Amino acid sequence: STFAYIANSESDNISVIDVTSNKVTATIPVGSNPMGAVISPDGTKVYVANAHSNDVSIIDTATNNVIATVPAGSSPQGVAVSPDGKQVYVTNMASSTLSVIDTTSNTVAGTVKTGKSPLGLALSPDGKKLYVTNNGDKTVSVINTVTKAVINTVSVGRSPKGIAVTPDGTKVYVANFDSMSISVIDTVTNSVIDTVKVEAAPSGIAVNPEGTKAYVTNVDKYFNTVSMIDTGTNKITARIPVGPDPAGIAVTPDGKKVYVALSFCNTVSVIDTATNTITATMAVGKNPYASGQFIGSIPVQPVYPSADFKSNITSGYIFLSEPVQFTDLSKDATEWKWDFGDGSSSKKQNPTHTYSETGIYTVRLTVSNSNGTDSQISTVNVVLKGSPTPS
């Protein structure tokens, strides 16, 4: 049960996607301008940064329900979850602070002054060090999660954004958006040990489970790509063309797929890490952003409805003004939404419809329940008696 949680900033909701079928299985309303979603290590909770409502939504992965809303700082952007799931970290861009949230009480247990305009954050594997990119300061703040103090300020490039730590915790990669480079930090000394020059504006960063490769989203008018970086040489080895303004990015836990949210297109592109090719691009909410750990396996899967139906159409076609009987065959559905493909619709389970003009119509059935949604399509050929029949 592996899923992706995409924050649709302009529709104030979260798109849940089954990474196995690349299908959106649910849409969860949250706060205002959700800019980030992250799943806890155990996969039981998802945390969402609502930029315009200065708070965090907490979602129960078993029911897709928001169970709480914790107030944060000014303009929350990114979230990270401690290895045990007891503390949630949030970057507050406008107030240049970091909120530390206690998950046993779901309340703010600390506020740390970061660099100017913090954005990206990534936690060390042991959970003791948090790394924050101060986007408006050309620096990364290294915070001691125990003392809640910045123990070191690493100098990086201009407008640092995306940031990630390797699985073995030896290196932290930093995307310097305006400097067209990627800083590499040695966690042992918090020293920049290498700066990788790139073709465009590096934005998001994600290291694969093996720690061998790091994927980077690069912004450039018309030449947007998803680049790869060999963690052993710190050199780009491949570039994959993607839609405009790629931002956030994540690798699936099995390392087979790469998810990229295209805010400008209201879609999410899926890449096969084996062939470095785009194997799918699906629609989500408006202005999707997905930073950090937004993909993970959950122990309990919510009971999703399964759309399916049939009609009284036998010959593959139907005559003009001849009624069509639709029978719902969906599983675990409590709500129906029929689109006949002619501008009319229905909310009845088993609707009847008559078309007023000949033609080929697309009939879509969208079923839903407290946990999510599912859809089914069907083509209906309406013709006159004696007219040519379909193949």
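Numbers follow the displayed sequence, beginning with 1.
- As recorded in the PDB entry, 347-355 is the stretch of 66-74 and 347-355 with the greater mean C-alpha temperature factor.
- Per-stretch averaging of Cα B factors for 18-26 and 376-384 places 376-384 on top.
- Taking the PDB entry at face value, the top CA B factor among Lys197, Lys128, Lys213, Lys286 belongs to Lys213.
- Each of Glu335, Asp55, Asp60, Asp42 has a CA temperature factor in the record; the biggest one is found at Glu335.
- Split the chain's modelled residues into thirds by C-alpha temperature factor. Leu365 is in the middle one.
- The entry lists a Cα temperature factor for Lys256 that places it in the middle third of the chain's modelled residues.
- Among the modelled residues of the chain, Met228 sits in the highest third by CA temperature factor in this PDB entry.
- Annotation for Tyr89: C-alpha temperature factor in the lowest third relative to the rest of the modelled chain, per the entry.
- The deposited CA B-factor of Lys161 belongs to the lowest third of values across its chain.
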